[PDB]
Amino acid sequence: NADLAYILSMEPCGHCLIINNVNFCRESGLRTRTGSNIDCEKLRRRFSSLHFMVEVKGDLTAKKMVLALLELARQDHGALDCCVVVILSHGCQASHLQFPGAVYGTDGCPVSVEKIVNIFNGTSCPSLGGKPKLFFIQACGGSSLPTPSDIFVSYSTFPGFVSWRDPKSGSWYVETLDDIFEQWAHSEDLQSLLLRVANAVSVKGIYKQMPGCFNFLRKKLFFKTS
């Protein structure tokens, strides 16, 4: 209350798009991301519980990924409270100007996180103005309000399967995140959940790459559950 938390009253809570890239063309040389379907199913099932209208889309091209994203922003989120985008794919380690991060489309071409974030800013998507825009990225391999307000990105490149010898048992990250949400999303906010995830991950890999959060929200975000 007192404008300390975003109001998620509406039912459904919002739209959620999951880009699941598994099969890449030969020219790129990017290995098949087998096990990502396990990941996709966990997340689809998850954000569904969080009362979102989840739409999955497999093996998308950089061009097609962008179109799907634009297609989402062209929507009327007017009576909705939040938007969610999840992308599973190989990560691109290009350096950037505004925001870090990129993910490979099936064609081998990258789509920077900065492009993705902006497709959802205030000008491009007035419909979501003042509402929280969440982006979850798992790169396995490879009055007025400010225009960029309410943008929140969780970026993970943590390799590691649930069963360490089996590259097809799924992502230890998604499973850990999914598990933590299942247990605390009912009483803890987004940033609090993600810290539990970040901690769990670090305990699993001392030096290994820890997930980061590019946080530009104005209030806490308590997901709608039960």
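A residue's number is simply how far along the shown sequence it sits, counting from 1.
In the deposited entry, the stretch joining residue 148 to residue 149 is continuous, with no residue of the deposited sequence left without coordinates.
The stretch with the higher mean CA B factor, choosing between 194 to 202 and 66 to 74, is 66 to 74. Stretches 29 to 37 and 172 to 180 differ in mean C-alpha B factor, with the higher average recorded for 29 to 37. By the numbers in the PDB entry, the CA B factor is greatest at 125 among 153, 80, 116, 125.
Across 19, 213, 10, 217, the greatest Cα temperature factor reported in the deposited entry is at 10.
Residue 52 sits in the middle third of its chain by CA B factor, as recorded in the PDB entry.
For residue 161, the recorded CA B-factor ranks within the middle third of the chain. Only modelled residues enter the ranking. Ranked by C-alpha B-factor against the other modelled residues of its chain, residue 112 falls in the middle third. Residue-level temperature factors show residue 4 in the middle third of its chain, judged at the C-alpha atom. In the PDB entry, residue 85 places in the lowest third of its chain by CA B-factor.
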